[PDB]
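Trainee: In the authors' numbering, the protein residues as written are 1271 to 1374.
Idealized CB from N, CA, C, for every residue including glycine.
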DNA sequence: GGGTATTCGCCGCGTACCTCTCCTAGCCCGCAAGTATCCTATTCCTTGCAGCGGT
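1. Should residue 1325 and residue 1342 be called a contact, given that it needs their Cβ atoms to be closer than 8 Å?
2. Return helix, strand or coil for residue 1278, following the three-state DSSP convention.
3. Got a sec? Which residues, its chain only, sit under 6 Å from residue 1347 by beta carbon, not counting five neighbours each side?
4. What did DSSP end up calling residue 1295 once you bin it into helix, strand or coil?
5. Could you tell me the distance, in whole angstroms, from the CA atom of residue 1370 to the CA atom of residue 1355?
6. Which residues in the same chain have their Cβ closer than 7 Å to the Cβ of residue 1293, if we skip the five residues on either side of it in sequence?
7. For the 8 Å Cβ check, are there 3 or more pairs between the region 1301-1309 and the region 1274-1293?
8. If contacts are defined as beta-carbon pairs under 8 Å, then residue 1332 and residue 1338 qualify, I think. What distance do you get, rounded to the angstrom?
9. Mind checking which residues open and close the alpha helix (DSSP H) that includes residue 1322?
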């Protein structure tokens, strides 16, 4: 009863939360099979494309993201360094917690 | 077509600092400088025409 196409490779967190919340209703969840990728391939296949771009081979990831029209939302420890704001890691965690709890 | 092997081409290979050197090639057109040449004088000689005393 989910929406994912048959052969999609989807982030584990998205599918886990979608199934977990759907079962609260009368829907049947999706079935997934975990996959292992070497780090060099794992860091590139990330939701936040600035993290990938700062890593190796910017050209490929950047063109692919541009075509797909992605939209990065600045949650890692690296893109927040690039933009120049507090990290959501150490003392800045309280600030980011309040920031989330205010806008939302 | 189809499963397979083989080849081609792209991607990647540590951080921080110190000293030194060198950074387009070739054409072209105005232009400064330096020079050989050409016109400018002086002195000698032998003509050609206009005044001019003289009768």
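Mentor: Reading it off the structure:
1. Counted from its first residue, the first chain places residue 1325 at position 55. Counted from its first residue, the first chain places residue 1342 at position 72. No, the pair does not count as a contact, with Cβ atoms beyond the cut-off.
2. On the first chain, residue 1278 is found 8 positions in, with the first residue counted as 1. It is coil, neither helix nor strand.
3. As a working mapping, residue 1347 is identified with position 77 in the first chain. Within the same chain, residue 1347 has close Cβ partners 1357 and 1359.
4. As a first step, residue 1295 must be located in the first chain, where it is residue number 25. Coil, per DSSP.
5. Locating residue 1370 in the first chain gives position 100, counting from the first residue. Locating residue 1355 in the first chain gives position 85, counting from the first residue. Whole-angstrom Cα-Cα distance: 15 Å.
6. Taking the first chain and counting its residues from 1, the one referred to as residue 1293 is at position 23. Same-chain partners within the cutoff: 1299.
7. yes
8. Taking the first residue of the first chain as position 1, residue 1332 is located at position 62. Taking the first residue of the first chain as position 1, residue 1338 is located at position 68. That pair is no contact at about 11 Å.
9. Counting from 1 along the first chain, the entry for residue 1322 is found at position 52. Residue 1322 -> alpha helix (DSSP H) spans 1319-1324.
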